[PDB]
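Numbering (this note's numbering), first residue to last: 1377 to 1632.
Just so you know, even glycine gets a beta-carbon here, dropped at the ideal spot from N, CA and C.
Heads up, the thing below is written out as structure tokens.
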């Protein structure tokens, strides 16, 4: 028979179906896949078997020999889901099963193997690197503003204010600098002075600008071309990668 923990995840996902929740089933499945993956298993066995193994192991290209999953889950979300489920399934077996899973996630070797696994997999689970949809997003944003200025549209006023914020300005600058690819960098401008904002604030403003651009094209009271273009730049894989990487960088900031 397969590992008890895998059988446990099977039962739990089924019981959540019967309970009619299933909001946690996809995370439980990403957990199963990590538990099952050849890469994670080898890492765990190493962690458990050889205590002298010290420091970071994620710089070792274990993936050359061992397949891993495409989806990564953060340990805190995983803990979070297990706890939610613990409040959700009140039956004897489920309570016992969830206890088992919570114990496993608490285990120090499990936690290190998980961190190493995710640090390797984040490099191996990506599709093709994105390319910028334009080279001058800052110029495009200014052209959108000029188009909007005469309109007196209130959503237009909101949009030009958003496009004028330090962090949106920094996003567009970062976009154009990274697009140069021989400009060396670009991401650092998102961390300078007033440009620095919580990734959620950044995301909310980018999402809002996109919403306003859409509404403004729906109005039919100005030429749509540049609005559509800026919308697609903001939604582009390239711009999305810049924002994803920003969030990850922000998360590692150490304020002493």
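task: Determine, using beta carbons only, whether residue 1546 and residue 1566 come nearer to each other than 7 Å.
output: In this structure, residue 1546 sits near residue 1566, with a CB-CB distance shorter than 7 Å.
query: Under the rule that 16 or more other beta-carbon atoms within 10 Å means buried, what is residue 1410, buried or exposed?
result: A buried status is given to residue 1410, since no fewer than 16 other beta-carbon atoms sit within 10 Å of its beta-carbon.
When 1532, 1507, 1508 are compared against residue 1518, the one with the closest alpha-carbon: If we check each option's Cα against that of residue 1518, 1532 comes out closest.
- prompt: Counting Cβ pairs closer than 8 Å, one from the region 1414 to 1422 and one from the region 1489 to 1502, do we hit at least three?
  reply: Yes, since at least three Cβ pairs between the region 1414 to 1422 and the region 1489 to 1502 fall closer than 8 Å, the two stretches touch.
task: For residue 1599, count neighbouring C-beta atoms within 10 Å of its own C-beta (all shown protein chains included) and say buried if the count is 16 or more, exposed if not.
output: Residue 1599 counts as exposed, since fewer than 16 other beta carbons sit within 10 angstroms of its beta carbon.
query: Are the CB atoms of residue 1592 and residue 1606 nearer to each other than 7 Å?
result: No, they are not a contact pair.
message: Taking the alpha carbon of residue 1497 as the reference point, which residue from 1572, 1392, 1435, 1430 has its own alpha carbon closest?
response: Per the C-alpha coordinates, the member of 1572, 1392, 1435, 1430 positioned closest to residue 1497 is 1435.
Separation of residue 1377 from residue 1470, as counted between CA atoms: A direct Cα-to-Cα measurement between residue 1470 and residue 1377 gives close to 20 Å.
field: Start and end residues, alpha helix (DSSP H) containing residue 1538
entry: Residues 1530 to 1540.
Sufficient close CB pairs (3 or more, under 8 Å) joining the region 1575 to 1588 to the region 1552 to 1564: Counting Cβ pairs under 8 Å, fewer than three are found: no touch.
- prompt: Would a C-beta distance cut-off of 7 Å place residue 1400 and residue 1460 closer than the cut-off?
  reply: For residue 1400 and residue 1460, yes; Cβs fall inside 7 Å.
- prompt: How about the region 1390 to 1406 and the region 1444 to 1461: do they share at least three Cβ pairs that are nearer than 8 Å?
  reply: Contact between the region 1390 to 1406 and the region 1444 to 1461 is present, because at least three Cβ pairs lie under 8 Å.
- request: Taking all protein chains shown into account, decide if residue 1466 is buried (16 or more other Cβ within 10 angstroms of its Cβ) or exposed.
  value: The residue in question, residue 1466, is exposed, as its Cβ has fewer than 16 Cβ neighbours within 10 Å.
message: With H, G and I counted as helix, E and B as strand and the rest as coil, what does DSSP make of residue 1570?
response: In the displayed model, residue 1570 falls within a helix according to three-state DSSP.
message: Tell me the DSSP secondary structure of residue 1606 in three-state form.
response: Here residue 1606 sits in helix by DSSP.
query: Got a sec, what are the start and stop residues for the alpha helix (DSSP H) residue 1421 sits in?
result: Counting along the chain, residue 1421 sits inside the alpha helix (DSSP H) bounded by residues 1414 to 1425.
query: If you scan the region 1465 to 1495 from start to end, which runs of the alpha helix (DSSP H) of 4 or more residues do you find wholly inside it?
result: Whole alpha helix (DSSP H) segments, 4+ residues: 1468 to 1482.
- prompt: CB-CB under 7 Å to residue 1588, same chain, minus the five flanking residues each way: which ones, in chain order?
  reply: The residues are 1531, 1534, 1535.
- prompt: What are the start and end residues of the alpha helix (DSSP H) that includes residue 1522?
  reply: In this chain, the alpha helix (DSSP H) harbouring residue 1522 covers 1513 to 1524.
message: Would you say the beta carbon of residue 1573 is closer than 6 Å to some non-hydrogen atom of the ligand SAM?
response: This structure lacks the ligand SAM; in fact it carries no ligand of any kind.
task: Could you check if residue 1503 is buried or exposed, using at least 16 other CB atoms within 10 Å of its CB as the buried criterion?
output: That one is exposed.
field: Inter-residue Cα distance where the pair is residue 1447 and residue 1526
entry: A direct Cα-to-Cα measurement between residue 1447 and residue 1526 gives close to 47 Å.
- prompt: Would residue 1364 pass as a contact of residue 1506 if the rule is Cβ separation under 7 Å?
  reply: Missing from the structure shown is residue 1364; the chain here goes from 1377 to 1632 and no further.
message: For residue 1512 and residue 1595, what's the separation of their Cα atoms in angstroms?
response: In a straight line, the C-alpha of residue 1512 is about 26 Å away from that of residue 1595.
field: Own chain residues within Cβ distance below 8 Å of residue 1621, not counting five before or after
entry: So the qualifying residues of the chain are 1563.
task: Please check the pair residue 1548 and residue 1521, which I expect to be a contact at CB under 8 Å, by giving their CB distance rounded to whole angstroms.
output: In fact, because the Cβ distance is near 12 Å, the residues do not count as touching under 8 Å.
message: Can you check which of these residues, 1454, 1472, 1468, 1494, is closest to residue 1482 by C-alpha distance?
response: When only C-alpha atoms are compared, the closest one is 1454.
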